[PDB]
Structure formats: structure tokens, C-alpha cells
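Trainee: From the sequence below, what's the structure:
(2 chains, ligands or ions: 6)
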Amino acid sequence: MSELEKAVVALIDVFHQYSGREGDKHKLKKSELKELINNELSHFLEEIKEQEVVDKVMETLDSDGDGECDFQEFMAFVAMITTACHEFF
Amino acid sequence: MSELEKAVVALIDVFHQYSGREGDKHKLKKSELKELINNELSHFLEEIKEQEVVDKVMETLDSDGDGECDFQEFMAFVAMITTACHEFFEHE
Ligand SMILES: *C1=C(SCCO)C(=O)c2ccccc2C1=O
Ligand SMILES: *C1=C(SCCO)C(=O)c2ccccc2C1=O
Ligand SMILES: [Ca+2]
Ligand SMILES: [Ca+2]
Ligand SMILES: [Ca+2]
Ligand SMILES: [Ca+2]
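Mentor: Numbers count the residues shown, from 1 in each chain, chains lettered A, B, ... in the order given. Ligands and ions are numbered 1, 2, ... in the order given. For reference, the structure is listed below:
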């Protein structure tokens, strides 16, 4: 794979490393989303140490209202992060 | 860096490998977009050889109509590709 192709696959893989833990294997519940952020975005985003933040992040990401973050919603999160990083530089 | 953080950085890296080649250093013109697809998406998309094909890709991606693909528009392209890829496997 090229660098870009590897990045695409990594996005899918990381989503599933977390979505597949509990409940529906194709969505991130609050606890899965928290762990993804704390373990995999520790250099980019402040660590989540409060359940209120979990609740508010999920509210922001959960566009279809099912209480969880699906792949589409995760990709919108990735786009937000990547845009923020781009602006940073 | 986690794998996710490395992937994010790779997106920014690749965009800039191509956007700074010609003209506006912050956007992909058609030639730069063709080169990006042909060299970085050679396993996921058919090689571009015809003008009409790169014209159509740019038309599809160029949400703001300025004739080039900026970073936001590139990120939307990446999301399209990633979503399509993920649908080839169990995804529900
Ligand atoms: C991206 C980010 S994202 C910050 C939340 O919007 C970042 O914090 C960072 C820090 C240091 C080097 C690189 C980066 C990013 O690419
Ligand atoms: C990703 C892609 S790119 C999007 C194609 O519409 C792909 O073509 C593909 C084909 C076969 C297996 C896996 C994948 C992808 O992960
Ligand atoms: Ca789950
Ligand atoms: Ca949802
Ligand atoms: Ca350019
Ligand atoms: Ca544009």
C-alpha cells in the first residue's frame, strides 16, 4: 500500500478495534469512544477524565441519534481532527 | 504516535506532497490531483489516463467551485474512499 492507502485502512482498523469490544460491534458506545480517544488520540486531544465530557463528545458526534458513534460519524470526527491538525501547522 | 495519529498526519503529509508542486501551494490543481491518484491510490482507483476522467473527479470534489481541491475538499475525498473501502467488509 501507499502511505495514503495505509492511512485509509488504519482508520477502518482503529474504529473496529474499539467498536467491536462491547454491544454492537459496528458502533462505538460511550465507553468505547472514551478509550479510543484516551488511548489513540493522546498526543492530539486532552485526556477525558470526566463522564460529562464523554457525554458531550458523544452528543456532538451522534448525528443519527442512536446514542452511539457509527463509522460515518467517526469519519466526521476524523475529518474534524485532521482539519484541526492541518490548521495547527 | 498511535496508528490513528500517524494516519491523520499521513493525510496532511500526502496532501502537501502534491499541493505544492504547481501554482497555489495550498491546493491541488488537476495535474496534481491526477498525480496523487495515480501514485497514492494505485490499488484503490483505476489509473487516470483521460482528460474527461480527471475533469470529472475534480468536478465531484471541488465543492467551492474554484477549480482546485483544497484541504477540506481532499479530506472529503478521503472520507469517500474510506467509507467505500469499509463497505467491502462487514460493516453492520
Ligand atoms: C494534530 C493535532 S490535533 C489538536 C486538536 O484539534 C495536534 O494537537 C498536534 C500536536 C502536535 C503535532 C501534530 C498535531 C496534529 O497533527
Ligand atoms: C478500498 C477500496 S477503494 C474504494 C473503491 O470504491 C477498494 O476498491 C477495495 C477493493 C477491494 C477490497 C478492499 C477495498 C478497499 O478497502
Ligand atoms: Ca460497540
Ligand atoms: Ca449514531
Ligand atoms: Ca498546487
Ligand atoms: Ca475548491
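
Trainee: got the residues of chain A near ligand 3?
Mentor: Counting by Cβ under 5 Å from the ion, the residues of chain A close to ligand 3 are A:19, A:23, A:24. Quick note: C-beta positions are derived from backbone N, CA and C, even for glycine.

Trainee: which bits of chain A sit near ligand 4?
Mentor: A:62, A:64, A:66, A:70.

Trainee: what residue is smack in the middle of chain A?
Mentor: residue A:74 (5.0 Å; Cα atoms, centre = their mean).

Trainee: What helix or strand is that one located in?
Mentor: Using DSSP states H and E, residue A:74 sits in helix A:71-88.

Trainee: CA atoms only for that helix - export them in CSV, please.
Mentor: Written as CSV, here are the backbone C-alpha positions of helix A:71-88 (Å, rounded to 0.1, in the frame of the first residue of the first chain):
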residue,chain,number,x,y,z
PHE,A,71,-18.4,4.6,11.2
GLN,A,72,-19.9,7.6,9.3
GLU,A,73,-19.9,9.6,12.5
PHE,A,74,-16.4,8.5,13.3
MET,A,75,-15.2,9.6,9.9
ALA,A,76,-16.7,13.1,10.5
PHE,A,77,-14.7,13.1,13.8
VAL,A,78,-11.5,12.1,12.0
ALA,A,79,-12.1,14.9,9.5
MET,A,80,-12.5,17.4,12.4
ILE,A,81,-9.3,16.2,13.9
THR,A,82,-7.3,16.2,10.7
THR,A,83,-8.6,19.7,9.8
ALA,A,84,-7.6,20.9,13.2
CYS,A,85,-4.1,19.4,12.8
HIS,A,86,-3.8,20.9,9.3
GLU,A,87,-4.7,24.4,10.7
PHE,A,88,-2.2,23.9,13.5
